[PDB]
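Both blocks below hold the same protein chain, though in two forms, and each is given as structure tokens: structure 1 and structure 2.
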Structure 1
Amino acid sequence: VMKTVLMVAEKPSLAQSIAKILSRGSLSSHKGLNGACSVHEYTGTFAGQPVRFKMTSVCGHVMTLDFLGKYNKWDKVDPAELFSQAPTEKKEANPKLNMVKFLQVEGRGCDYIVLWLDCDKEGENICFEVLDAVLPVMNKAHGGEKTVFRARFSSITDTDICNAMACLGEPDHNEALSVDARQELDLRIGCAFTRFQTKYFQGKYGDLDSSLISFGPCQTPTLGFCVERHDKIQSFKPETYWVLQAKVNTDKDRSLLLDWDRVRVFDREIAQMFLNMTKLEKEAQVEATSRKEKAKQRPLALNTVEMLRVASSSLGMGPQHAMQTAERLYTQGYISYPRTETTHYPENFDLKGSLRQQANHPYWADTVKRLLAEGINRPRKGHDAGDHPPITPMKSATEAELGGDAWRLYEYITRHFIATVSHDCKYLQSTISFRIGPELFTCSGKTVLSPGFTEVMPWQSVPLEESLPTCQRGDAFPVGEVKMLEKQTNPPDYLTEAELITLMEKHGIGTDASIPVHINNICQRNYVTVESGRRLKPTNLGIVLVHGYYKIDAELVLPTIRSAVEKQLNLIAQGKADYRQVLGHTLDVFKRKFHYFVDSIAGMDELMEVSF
């Protein structure tokens, strides 16, 4: 008699959290026939009637897009037929999870279905897959009323969840058929270009046999940055500085090394004249004195891009390795969700409670105990994106429980969190300016007045420098030696992983869960090889591939087509244009590029001959 309402979330953690919020603590939770997706049951009032609530979670995209079997054989049909004469269906991602069968079995008798997926894009696609899977299972509607309900929320809070339960909406088919079109375009471009490339280049050169040449709307733009950096390094003409420096002795054993105000001159004759006006002199006079107090701003909340950047730069970890370590930590229940964009702590976040967990560790015993006595500084106001709260420590840990890989990532997360709550570093800057003849010189130093987040992140510290001697205007000191420094301009170094992530995020090439994969893809396909300092070095195969792309059609490497084609697809989401025309038109424009690619492939082959 008791009707049942099924709810579905996008992850087990969100499922459990929402079930706990709704049920007031009356969970009845058990694993399903997956081992990774659970089912929580309770009772409530829905549409003014006492019913049962059953809630579960999918594990991401239930389904993905793939051609039929025949057109996957790579030889029956040329890639030219993939654009228009190739049907596409949907298969299951992670077939070991049996998620489609799980949603089949859970739902037999659920009169109403309620949805709790994320409000961003790539959530409407998942919700419509879940609907298309579960609809032929439920007990229909006895009357003419409705059953399918979509719930919209911005953050995991009691008030937001209650409001989302109060007001109920509907799924957006127009928004789903934008990510659907993007998936179809990605497949039909990156599977019609890579086949031609690996059947043309592998069919002529023996050194490239049994090797894969891949093209994609993200992989090739990612390689473009490294190739551009390599081009800038290769085409560089060093010049010749001429910097003049001086020494001043105050009393004894204190020789201040000055710096030129005109920091450089690109002329030997001018440098020689300036030396000649200075070296035959033996007195320097003070003219200025500044004791301005400055401050170093504490870091914001940890984001996934910042975590990957710091893991690459300092911890010496690759992006995918760092992501896997963070995922293992989150699954084990130590840190919270490691794929975010937010940088603002929510209002209800129990900072005092979470910071009390690390009150016994030997590394932070002094800092945490102090910070809990004179009050905690409020976190910096950063950015909010409606995603999960930032990566913060959730349970106590020690080097014994964790390994040599997860502990280091945990150490940075629990140190970045404390620095976000502590004070700022207030350092007093003292600058003294002398006058050795007509020219000017200055000396600067820093002294720390009250270290803040420095004591928890020692690597981001104001360096220890000797205090400047006391001197007011009108004091004269003896002069030592003055000479030129024939420095030379140095070429830029190769592209690092940290710098690439910023470049990736600026142009929106990849999402938070796709940045590590794209960087790994170009490193596992011999396009780019890693080196010391986590630097990316383009290889011979990568250099010839991107350079040939510029000669043929620059609209395949430029880091603007991916953002631009997404803007065109937003027209379907906003309802201005229908699904068929935009996909049909954007497929036709890419069909002309492929035919222009095949007829001009000899332009790229000329470059490969020198390489291989």
Structure 2
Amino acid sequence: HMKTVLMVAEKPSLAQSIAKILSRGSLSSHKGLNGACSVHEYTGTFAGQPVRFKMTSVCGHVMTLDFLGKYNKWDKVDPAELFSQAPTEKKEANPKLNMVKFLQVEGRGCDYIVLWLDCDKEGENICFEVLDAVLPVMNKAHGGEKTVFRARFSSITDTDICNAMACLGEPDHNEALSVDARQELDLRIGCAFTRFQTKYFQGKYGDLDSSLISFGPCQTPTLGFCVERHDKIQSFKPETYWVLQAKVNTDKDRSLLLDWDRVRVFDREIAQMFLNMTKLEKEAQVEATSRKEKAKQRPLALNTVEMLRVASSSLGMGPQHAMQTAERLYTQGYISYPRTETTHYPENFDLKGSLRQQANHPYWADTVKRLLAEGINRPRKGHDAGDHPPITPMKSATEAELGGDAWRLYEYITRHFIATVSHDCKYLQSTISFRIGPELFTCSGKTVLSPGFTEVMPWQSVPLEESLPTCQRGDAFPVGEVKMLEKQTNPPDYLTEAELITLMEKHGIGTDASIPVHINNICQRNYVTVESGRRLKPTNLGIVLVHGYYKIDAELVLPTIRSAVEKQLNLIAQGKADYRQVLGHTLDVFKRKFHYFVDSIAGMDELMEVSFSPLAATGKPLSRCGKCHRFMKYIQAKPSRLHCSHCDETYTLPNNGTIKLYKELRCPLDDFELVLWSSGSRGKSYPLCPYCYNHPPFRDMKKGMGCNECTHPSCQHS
């Protein structure tokens, strides 16, 4: 009798596509009892027997982690026993789908299972969840014969699904455990901190909503970069610099604008003497002329990081939106899996076939035809992490059959592929150096000799400039005018999405394409606003939260613990780590840090009272800030403070006494203006730096003691 084999995909559309590819057209299909997934049947061969097939799909994740319910109530719980005392369970993950029961009834009679889940690390978790759901209801088999199978693939394309079938393997429990460990770590640490903060701040301040405060091992580190950029913006000190500019006349009308070698000078008198060296002179003598050939390198293969960066900077699409559009394009079968960190094409790749697919699109037609006619240039060598091939086209698409942002992303992916398999852009860089008086200026220009990839990527084309005059050495040219400028250095702009992607990739926080998830989380929670140019402007709530976190414990914000944890998860994935050991270690260190957070939450309560309470933020102005050069308000609450409105920071001052200005003098280490402390009854008063009283500059002195024992060789007051 004919036996049966079962298949599971991550999406019903993927299930239908793969079933059509494998079944060669002949395919029965009917809807399941869940109302959202359909099952497809046909007849083929497995192992060495003629067998029936039964392919179905899941709806994303099938099981989601939470607590036992009794511990899920935030009102009545001790939000410190969620670390290593509260049990965890994967409950249902949208019980409206009844996926567990659907899988059980589908696999009620089965002998083999093959899982067509996404080949990312997250896919193995769903693979093993489906295995746990379906294993008890299948046949025990005669014994020893392999039953569970795993299909490895990167694109939903013909003969690619076939070669995935030809080399079936096994799932990776190490990757499944890595995903589970990450989920448990987040669900424990973030929920514990968020529950404690929600219980603490609840109706305490009028303008602060309790539910809007949250903490995460990744959300807080990725918000730290935005708040650090905001702090640099708010603590910028503009400085004036002077640039000399020389204009020379070539033949009769052309005016070359020469630029100075020294670029800039930050001293007005130095700029004045350099102009006095120059303004009287009425000739310029050319010294060196160089026309050297240079090549602009092709872009490497497209990975998810670069795809998100470009989709943000150029296409004006957010990280999560770009990820969803790329996943959809992969689902229909237009591009490969867009969760790749490899920028090097494998040797056994059909680059010529991929080029031949896009030989009819009007936009890139002549370039592809000439590339096929001549030889195909090898792509640049890159990183070979062993994941899927880079994000590359796999099927021809037109704006009519595609849509909007999806078509734009497909166009960028195809253009990147064509640029990778192309020639370098070649340009000559002409540099002419002039001597005016004792100074020497220069002028540079670029002339394109042969546009290579800078025809499929016009936005990377070398800008066109008029050719510099052909002047031999020892030629004298008239100079029209030379004058200095009064340019001022500009403050940095807010951190863009692409820059955030780069920073998260550099510091290690965010792996397995979770950076879009983290960015979208910190955008949905109103901590950053997406201003024009895709700029992440931190909000008041986010700034105050991260400043309080930094005040209490820097490692809660800095991207070090998360980087180490993600590295240990990677070693979990590559079979060399202990899941229990790493989970316990991380839970223990974060439990100690949470105990310190509870015992030292007073620092955060202060910045929240002066920021989110309108009836307790009014005070008399006092000594300047040390980062802003702006007045700081002196609050008369029980924990007497010193609040700066520009930079959202507060400084604690001694109680049971008065605070008065100390003759405008300034601390020579932090730039803050030090104030005196009158200790009640008639007696001595000692100086006190507002920033040093809260953040000591030396290890020996602890928090909350003034310049009486400042332990500083400078700061004469000590």
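Numbers follow structure 1, counted from its first residue as 1. Just so we're on the same page, rigid core means the largest C-alpha set that superposes within 1.5 Å between forms.
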{"query": "Entry of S155, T194, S314, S396 that shows, once the rigid core is matched between the two structures, a C-alpha shift of 2 Å or more", "finding": "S155"}
{"query": "Residue shift check between the two structures, rigid core fit, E439 Cα at least 2 Å", "finding": "no"}
{"query": "Is_shifted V179 between the two structures (CA, 2 Å cut-off, rigid core)", "finding": "yes"}
{"query": "C-alpha of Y427 moved at least 2 Å between the two structures on rigid core", "finding": "no"}
{"query": "Once the two forms are fitted on their core, CA shift of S255 between the two structures in Å", "finding": "0.5"}
{"query": "Cα displacement of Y42 between the two structures, core-superposed (Å)", "finding": "11.6"}
{"query": "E92: CA movement between the two structures [superposed on rigid core, Å]", "finding": "4.5"}
